[PDB]
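As structure tokens, one chain now follows by itself in the form deposited in one PDB entry.
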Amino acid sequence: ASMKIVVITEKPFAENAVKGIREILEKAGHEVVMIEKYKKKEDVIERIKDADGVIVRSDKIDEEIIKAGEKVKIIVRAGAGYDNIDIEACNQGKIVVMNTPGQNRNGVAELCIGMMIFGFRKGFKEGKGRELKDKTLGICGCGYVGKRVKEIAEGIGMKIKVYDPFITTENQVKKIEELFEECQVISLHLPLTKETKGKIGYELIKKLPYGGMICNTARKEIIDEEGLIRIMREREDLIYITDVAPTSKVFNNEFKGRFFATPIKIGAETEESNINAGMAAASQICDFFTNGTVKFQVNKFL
């Protein structure tokens, strides 16, 4: 009846999201312990050994953590992506891994739109800016976020083209090359896999029309940083804006006036998105222990 639920967040939820988490789980007679703003993963290893269930954000969950959590039955990522979790090692420990699809979608999409206007208007500094209206937007991967970005972009009056090798939808091109050729603005929403890693590089970015802008609210490592640096040095009209800051120091030093990155990923860092993702994670934990519910599971074992 009573399960130990550990919440691992180096980047903590807003108070109201923690309260919601506690309200769902404690009413069902569970214990909730928080691990917030931890420095070393040694802190995590200790507090997890006794945990029955886990709630996580973007926190790296690797083999060493997974094995230390010997009685862990479920890990729920409050959000969409699960590249931070070692699925293979979770399969070994017979641990159910799930996410919370679409819960952060509006936070990320609103930031994506805001970044598009910000990038097209020279970072709100002096100079001749451009308007998003009557321009073509390319959505790279169209799931929950890409869908919302599209909705707002149509209200603004942008023409929409979509690339996604896994779905069938309107205005869809089959080649990712065509998207970069046809679209004045690219928004990336691809999850990080072995296939999408370093996929967006020099050969794709170069094909952009005049004043081409890439907005990245997805993952930094789907970009080939070397290729981006190379084309941005060659073409001084290109704009790159991102919620997932690049590692290289080049971008800040060389591309002022056409490059912006947030100091940290703030796409899901809103009061509302924290509540959605935090409470959805707690409810799925609740359902799993109550009814053996494994909806939204991403892995397979035994």
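We number the residues from 1 along the sequence you see. Take the two forms, find the largest set of C-alpha atoms that superpose within 1.5 Å, and that set is the rigid core.
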> Comparing 198 to 206 with 171 to 179, where is the mean C-alpha B-factor higher?
Replying inline: 171 to 179
> Which of the two stretches, 41 to 49 or 230 to 238, shows the higher mean Cα temperature factor in the record?
Replying inline: 41 to 49
>> Sorting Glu271, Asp59, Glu63, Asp243 by Cα temperature factor from the record, which one lands on top?
In response: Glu63
>> Just the C-alpha B-factor column, please: which of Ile95, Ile117, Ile156, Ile139 has the biggest number?
In response: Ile95
> If you rank the chain by CA B-factor, which third does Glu110 end up in: lowest, middle or highest?
Replying inline: lowest
>> Using the temperature factors of the C-alpha atoms in this entry, rank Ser187 within its chain: lowest, middle or highest third.
In response: lowest
>> Ranking the modelled residues of this chain by C-alpha B-factor as given in the entry, is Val54 in the lowest, middle or highest third?
In response: middle
> When the modelled residues of the chain are sorted by Cα temperature factor, does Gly267 land in the lowest, middle or highest third?
Replying inline: lowest
>> Which third, lowest, middle or highest, does the C-alpha temperature factor of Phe124 belong to within its own chain?
In response: lowest
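Heads up, the form deposited in another entry isn't pictured, but that's what we're talking about next.
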>> Taking only shifts of 2 Å or more in Cα after a rigid core superposition between the shown form and the other one, tell me which of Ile85, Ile139, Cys183, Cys112 qualifies.
In response: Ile85
